[PDB]
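S.K.: experimental structure and sequence below.
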Amino acid sequence: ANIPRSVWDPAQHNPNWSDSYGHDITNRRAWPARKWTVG
Amino acid sequence: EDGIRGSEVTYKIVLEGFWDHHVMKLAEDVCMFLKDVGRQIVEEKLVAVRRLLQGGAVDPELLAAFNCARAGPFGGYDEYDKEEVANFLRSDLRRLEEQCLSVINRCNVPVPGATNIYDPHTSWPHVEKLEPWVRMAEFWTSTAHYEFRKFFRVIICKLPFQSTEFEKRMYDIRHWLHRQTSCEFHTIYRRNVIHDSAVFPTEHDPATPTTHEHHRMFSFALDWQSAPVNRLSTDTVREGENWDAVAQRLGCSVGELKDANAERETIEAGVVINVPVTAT
Amino acid sequence: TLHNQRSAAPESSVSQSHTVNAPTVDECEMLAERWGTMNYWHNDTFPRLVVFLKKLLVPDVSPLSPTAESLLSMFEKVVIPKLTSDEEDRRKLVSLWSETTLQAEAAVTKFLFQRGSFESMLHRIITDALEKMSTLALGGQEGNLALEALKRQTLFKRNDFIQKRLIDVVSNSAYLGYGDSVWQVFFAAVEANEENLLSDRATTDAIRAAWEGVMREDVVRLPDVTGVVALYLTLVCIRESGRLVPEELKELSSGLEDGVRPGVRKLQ
Amino acid sequence: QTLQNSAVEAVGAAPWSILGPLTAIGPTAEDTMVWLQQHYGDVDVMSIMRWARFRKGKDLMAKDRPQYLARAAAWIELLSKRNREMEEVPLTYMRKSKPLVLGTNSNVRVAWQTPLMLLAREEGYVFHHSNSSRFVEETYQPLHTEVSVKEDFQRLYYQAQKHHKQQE
Amino acid sequence: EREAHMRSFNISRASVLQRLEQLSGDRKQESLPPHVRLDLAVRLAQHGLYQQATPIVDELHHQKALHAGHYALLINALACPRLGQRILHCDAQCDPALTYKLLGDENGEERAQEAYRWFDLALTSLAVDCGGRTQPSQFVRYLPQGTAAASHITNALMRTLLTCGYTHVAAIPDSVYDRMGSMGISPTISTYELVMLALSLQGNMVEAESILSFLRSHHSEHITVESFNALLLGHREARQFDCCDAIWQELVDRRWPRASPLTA
Amino acid sequence: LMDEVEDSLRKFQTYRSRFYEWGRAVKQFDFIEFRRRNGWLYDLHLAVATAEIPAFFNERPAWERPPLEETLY
Amino acid sequence: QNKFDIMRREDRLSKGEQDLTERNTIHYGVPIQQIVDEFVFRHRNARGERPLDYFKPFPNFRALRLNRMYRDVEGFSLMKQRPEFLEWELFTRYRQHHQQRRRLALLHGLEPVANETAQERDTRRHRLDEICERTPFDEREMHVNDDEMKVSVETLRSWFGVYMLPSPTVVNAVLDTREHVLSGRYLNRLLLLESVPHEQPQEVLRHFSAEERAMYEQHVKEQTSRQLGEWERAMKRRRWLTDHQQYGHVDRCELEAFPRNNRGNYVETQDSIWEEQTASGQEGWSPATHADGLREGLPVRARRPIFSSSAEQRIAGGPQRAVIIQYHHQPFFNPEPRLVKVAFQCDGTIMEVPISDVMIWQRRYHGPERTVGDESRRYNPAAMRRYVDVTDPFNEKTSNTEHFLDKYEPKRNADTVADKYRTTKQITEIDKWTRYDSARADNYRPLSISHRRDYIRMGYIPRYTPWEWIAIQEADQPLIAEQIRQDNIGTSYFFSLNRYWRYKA
Amino acid sequence: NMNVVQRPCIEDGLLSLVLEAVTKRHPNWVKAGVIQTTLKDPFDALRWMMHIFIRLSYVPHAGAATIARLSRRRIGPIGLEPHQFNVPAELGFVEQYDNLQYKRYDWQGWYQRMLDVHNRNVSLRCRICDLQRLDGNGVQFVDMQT
């Protein structure tokens, strides 16, 4: 066919595929530095 | 070979652009394209491979190809069976199945959460980097140095079979290529070449050997024929030549002369005969 | 709005060629004509070679009882005088008993690997002896009893031979390394005996060049072969492993390969 | 010859070779023509016979009569489809099947057994086969008894006749 | 071109009906040899004049001139090959799949019913002709179902019933096949080819592919290009174009059997 | 089927000889003029909510308001 | 248009299947990627639906996904559709136990088979049960998740009883501080220890006449007579002997009474799921990829190499069962070709086998880690209330072990009243939804751009060309005849370079 | 010792029986000269197994070519006669087409011709390993001296 079955067929959907917003939100996430007592 | 090294047709797409990030993003797009296209094509090839393994019939053309050689490895004449031919086919199709499965698994590996398209082991196809073409020019202004630059990325697809459908879908990329980006295609494919010992025979080195004069300046145009040199396939029969006399004069066997000239039962003087190609 | 097209799950990526399933009745029926790798014939869980050998067994062949064996042993010279006294008649009895003995012995070994042919030949021999002794018109039916005893004797000899020197030799797939030990031992033996096989005076240039061509591949994948040929390879490699393994393992060893390669790092 | 070979290979050395579709040739040239036109009528048998006359210019029917006969018969059989549909090898009968009443393995399913060893489709018996397909007779806490997916009617007839002969 | 084909078919049909009438006028009291009558009935059924041929086959059967080959010949000619050719070139737009659909309207059920009549007659004649023999061994419980003639006749029946509309195309993968199983007739390759074609026309590809898988597993050397043709046709009907592509690709990969212009 | 095959061939096929001249300004301008003259005979045109959807508008000039697409990049 | 087609349509509808006319057009419905992205866009990152690991630093792709009830919870008997105090930890322990059973089956060749009959299945399960009860339970492989705390066997067994998590002595009693892998037979014993067409309403009858009343009563009396006759046919059997095929009224033969028409045991349920998927083909031996995850103790099927001094290159053998000792994932430690150190079961030999000659047991089809199974997540009713320490998202300062210096530490109340609340932050306050997020492109390749989200998106430029656009561009242009490259004839040695001058070489 | 197993010992008579069975199963082998039922020399059994291995693992050149044609779709002629040898080779070429500026106007043609003649090179490469195979006449096509 022209359009591969993996795109539209629900049976062939990749379980490990993730959304398009969460990974980038996580990357933009800023974690405050681990503040120790001396260093 | 097995795994990554093994393949039959290697396609390389050299993508050229004016900016490294432009070409990188175009390479990512083309990979996400070719990954799925090759996945579907290798899938529909795997179906046929599995069906052929489950059971099939031997082609008489294939069996004749196997029992074509005059003398085999074991002594002289050899006689293969369709069962043996099917065993050879089974071995080839098993290795093809392994290659197709490796391709499919590598196609399924990459995922947005963790993807690396520059590693041949992780994804299929993989992108390898190529040194940018840089041309610096210095000119009056008091002098100024400005350099043209052109960045490249090579997308490599190694398939264990020739798919003209895949070649078509790969060629059709230039129509939706990215803005101000170009592409060129390199194809390395396995092709069968015959060495016809009849048109190109092995002969004793002539009595009078060539000297350096025959390989002089402008000798390539005046002294030498283009290979191959024509060898007369047609002969005329001399006077009173016996059937074996003609064969001996042609250096061919009587049986093969008969096979070549089965039209005529007997030889008459001045008639035209067809010299067998293997005549020495 | 799922779709209107048909749906199919992605085609399995598990190599069906390498995966081996449980045997099927038709596969066992055609086992005499099927091909397979040494792995197929010595599968750790489904020993198709053992199945092929057991297919040669004649069903319902009980071992000879002491009574029947004693009757057979004594019938050669004790019964004949009892049932007849004519010199010619007892000579014919002795001749036919020696015949039936040698025909049974030849039937046990000659028609191995072809059970139907063995059965047909054995039945024909027994029947011919039957009508010939009936024409002789012996007094009692102790001749028929002895012939039936010899039938059981021949059947059990065949079954015991095939169960002892054919099936018991191969039943240990783990010892045979699931078939790959067979190939490894073959290659080791060929390397050891290259002076006897591949030398100038050993084999012709055609065979030699074929051998280098086979071994020169990028990967020398081994061939899948018929069941009988697999049995031949297993047996001959068993015969050859002794000549290669050191003296300390020529008889007892924890595996067919044990001692073939010196540097193999084991675990313990 | 071909039909006898097929019948014999059906068992492995049969009732298949009792009645071939070819009828006897009458003792006349008109009968020859009728037989050819009614058993190989899809082609022009006379045209094939005329064409098969010469081989590299040598008149076969005039010099090598057996060679010409073999060549013409082979050409007639090749070009005549009816010969193809008459010269099949007797295959085996395939069983339909239904999924197990209780689902243990989708690859193993209950076969349909011919009364030799109640229409099939009404219950749900249908063609289903693959490389890993398994056919069984299921009873019971399932209990299974594997059965062949195949019914070689010719071999069953030959073995039943062998049993008849031994009873004889 | 369509006009030319229609004119050819009409001229041939008129000539055959004229021959039938001339022969009947001549046979008011004289009886012709069985072979000319067999040929004329075959030609009538070929041109679609099945109802014109029932009397000829009935009288030949009563006179007991038909044999194993002749019954199958008549049942095959009953499928109307010449009429099918005319329909293919003229009204089916050269579509082999639509040719079967268009042939079924032309007295499909009546033609199939008479085909069953011929099947019963053929089985009775086979039993008589095979019981009349003495050299073959008893097989008293296996005559004629175990002989090649019964399988040939059944294959002819299935081939003819293919063209008799949907009611019998749905039957070919059905009672007909179970009826053959109960009758104990060994199928040949053509049997499974016709069953696959019938299931393809019906549009149910799962069982057609299962049948081809059975053939691959057990009888893999007898598979003919007709199985691939039937699968292509059935996938065209079901509109599984990816599947049809897969079969074409596997066929081109497996040069044997040779792809036919019908396959293309 | 041959009519349809030839239709498909004339749609997707060209030779190298045709290709080397495939793109001359003369041929392309002939195409343009022919479309203008007869589009009503061969053009297919001779869904709505896709092209008709309200869109955000940057009221202020680009310098005054950093465009959103420019800030993204 | 065809009677053939109409009959096919009606027959297929009666059988209950899709009609071939419905397929006259192609309808690729909205894909799951589209649906999921629409859901997350409408729900503003679906922070409520995502788990804790997502809000932990540097999450894995499994954490980046949304919570789903996978095929692993199905066997658990006590799950109540809602959270409770220790059942989730017990379910996790059972899940690890079944993963251990899977590992043992792969090591010892008790893995399921596609053609397994019931007898073979039960024999394989019995041998697996023996091996699993004999082996101890590994606690290292027990991988906790952030949402739950590690719970010891001592306390879990004390609370739930000893039957839930038994000792080998308890198991032998049913059929000592030790744990062994659960057994299907053992749980089976524990569970055993529990003990009229075309009928119209009255409104149409109101419009009806009375002659039709008599006719309708005649219709319904025939209908009910036929149904009652069939029902009492069900009770008349006579065992249906084949000699006369007797039906009724005076288990011998033909099995009369043939008319026309454990979800609690966790180990059995999960095992049956395993056979279902193995038979379906989702699970089975497939070639191993570098990304599937190779580690110590992974049961693998490698192809044993054969060594020959006359071989110009390696010789491959049959795929034998084996276990991975190590696998240097670093490229500088595995130059091409890559190698894996694996130990074979037969002869116990350890060898470095090429990675290409290695086959793993895939739990699914898509990878990238297809060796390891799915892990279901916990559900939270108040998913909006959820706290994580920003400065210490992981629990480092908390030590499960007890140190000998802890009795000199000060009291925990003073720092408890302050530091916990200072470092704590609700998941809502750790991430913000920005216009960049609203305008983010789709990481996958869409079929055709969808305007469903065009109202609040802005500056969205796709990062991948849609399949529809690609198809349009590919259709818009022709092919080049020579690109096919067919050479079935051969090379002309005499004329190809002496062709006509116009088209000469 | 519990792990240790005893190596079985078999007899040349049993080997001869199995060899006879193998010859029965594959009659064409003895006819072609691969196997002989005779088992006289001590190394004769291993010699015959080696011949079996060579027959089962050695592909003739014409065969290999035909198989490559069948499923892998390898183009090129296939030679059957003993005077034709099949050489599998690699043909590497380049195809460049323009879409930016030299796509759709007068310079399109001569620019395309320039690109094609610039990429006119085709690299034909073959492995001497593949050339080292038995000819149709039974002699190695390329020996060490060749």
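M.R.: Sure, I can see it. Numbers count the residues shown, from 1 in each chain, chains lettered A, B, ... in the order given.
S.K.: does chain G sit close to stretch D:103-117?
M.R.: Yes - using CB under 8 Å from any CB of the partner chain, stretch D:103-117 reaches chain G at D:104, D:105, D:106, D:107, D:108. All C-beta spots, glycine's among them, are computed from the backbone N, C-alpha and C.
S.K.: ends of that stretch, how far apart?
M.R.: Taking CA to CA, to the nearest Å, stretch D:103-117 runs 26 Å from one end to the other.
S.K.: look through chain F and state the residue closest to chain D.
M.R.: Here chain F gets closest to chain D at one residue, residue F:1, 22.9 Å apart by CB to the nearest CB.
S.K.: what separation do you get for the closest residue in space to that residue that isn't next to it in sequence and residue E:228?
M.R.: Leaving aside its chain neighbours, residue F:1 sits nearest to residue E:94 (6.6 Å; criterion: CB to CB, 6 or more residues apart in numbering or on different chains). The gap separating residue E:94 from residue E:228 is 20 Å, by CB to CB, to the nearest Å.
S.K.: let me know the secondary structure of residue B:122.
M.R.: coil (DSSP: H, G, I helix; E, B strand; the rest coil).
S.K.: that one touches residue G:291, doesn't it?
M.R.: Yes - here residue B:122 lies in contact with residue G:291, judged by CB atoms under 8 Å, at a distance of 5.6 Å.
S.K.: specify which residue of those two has the higher count of neighbours.
M.R.: Higher neighbour count among residue B:122 and residue G:291: residue G:291, with 23 against 18, using other CB atoms under 10 Å in any protein chain shown.
S.K.: could you confirm the more buried one falls within a helix?
M.R.: Yes - with three-state DSSP as the criterion, residue G:291 is part of a helix.
S.K.: just to check, it is in contact with residue B:107?
M.R.: No - the pair residue G:291 / residue B:107 is not scored as a contact, 11.6 Å apart, by CB under 8 Å.
S.K.: so where do the helices sit in chain F?
M.R.: Ranges of helices in chain F, per DSSP state H, are F:2-11, F:16-20, F:25-37, F:48-51, F:68-72.
S.K.: what do you get for chain A?
M.R.: A:5-8, A:22-28.
S.K.: quick one: name the residues of the stretch 151-264 of chain E near chain B.
M.R.: When proximity is defined by CB under 8 Å from any CB, the stretch 151-264 of chain E lies next to chain B at E:213, E:215-218, E:220-223, E:242, E:245-246, E:249-250, E:253-257.
S.K.: are any of those residues buried, and if so which?
M.R.: When these are checked for burial by 16 or more other CB atoms under 10 Å in any protein chain shown, the buried set is E:213, E:215-218, E:222-223, E:242, E:246, E:249-250, E:253-254, E:256-257.
S.K.: among those, which one sits closest to chain C?
M.R.: Nearest member of those to chain C, counting by CB to the nearest CB, is residue E:218, at 6.7 Å.
S.K.: specify the beta-bridge partners of the nearest residue to the closest one once chain neighbours are set aside.
M.R.: The shortest distance from residue E:218 to any non-neighbouring residue, by CB to CB, 6+ apart, is to residue D:150 (6.0 Å). Beta-bridge partners recorded for residue D:150 (DSSP bridges): residue D:94.
S.K.: wait, residue D:150 touches residue D:113, no?
M.R.: No - using CB under 8 Å, residue D:150 makes no contact with residue D:113, being 11.8 Å away.
S.K.: so those two - more neighbours on which side?
M.R.: Between residue D:150 and residue D:113, counted using other CB under 10 Å, the more crowded position is residue D:150 (20 against 14).
S.K.: and the more buried one, what does it touch?
M.R.: Counting by CB atoms under 8 Å, 6 or more residues apart in numbering or on different chains, residue D:150 makes contact with C:26, D:92, D:93, D:94, D:95, E:218.
S.K.: helix, strand, or coil at the closest residue to residue E:172 other than its chain neighbours?
M.R.: Excluding its sequence neighbours, the residue lying closest to residue E:172 (CB to CB, 6+ apart) is residue E:198, at 3.7 Å. Of the three states, residue E:198 takes helix under three-state DSSP.
S.K.: helix/strand/coil for residue B:151?
M.R.: The local conformation at residue B:151, judged by three-state DSSP, is strand.
S.K.: you'd agree it is up against residue B:26?
M.R.: No - between residue B:151 and residue B:26 there is no contact under CB under 8 Å: 10.3 Å.
S.K.: take the residues of stretch D:103-117 next to chain G and write them to a markdown table, including secondary structure and neighbour count.
M.R.: Formatted as a markdown table, these follow (DSSP: H, G, I helix; E, B strand; the rest coil; neighbours: other CB atoms under 10 Å in any protein chain shown):
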| residue | secondary structure | neighbour count |
| --- | --- | --- |
| D:104 | coil | 21 |
| D:105 | coil | 27 |
| D:106 | coil | 16 |
| D:107 | coil | 22 |
| D:108 | strand | 29 |
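S.K.: let me have those residues in CSV, extended by distance to residue G:259.
M.R.: Formatted as CSV, those follow (distance: CB to CB, whole Å):
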residue, distance to residue G:259
D:104, 24
D:105, 26
D:106, 25
D:107, 28
D:108, 25
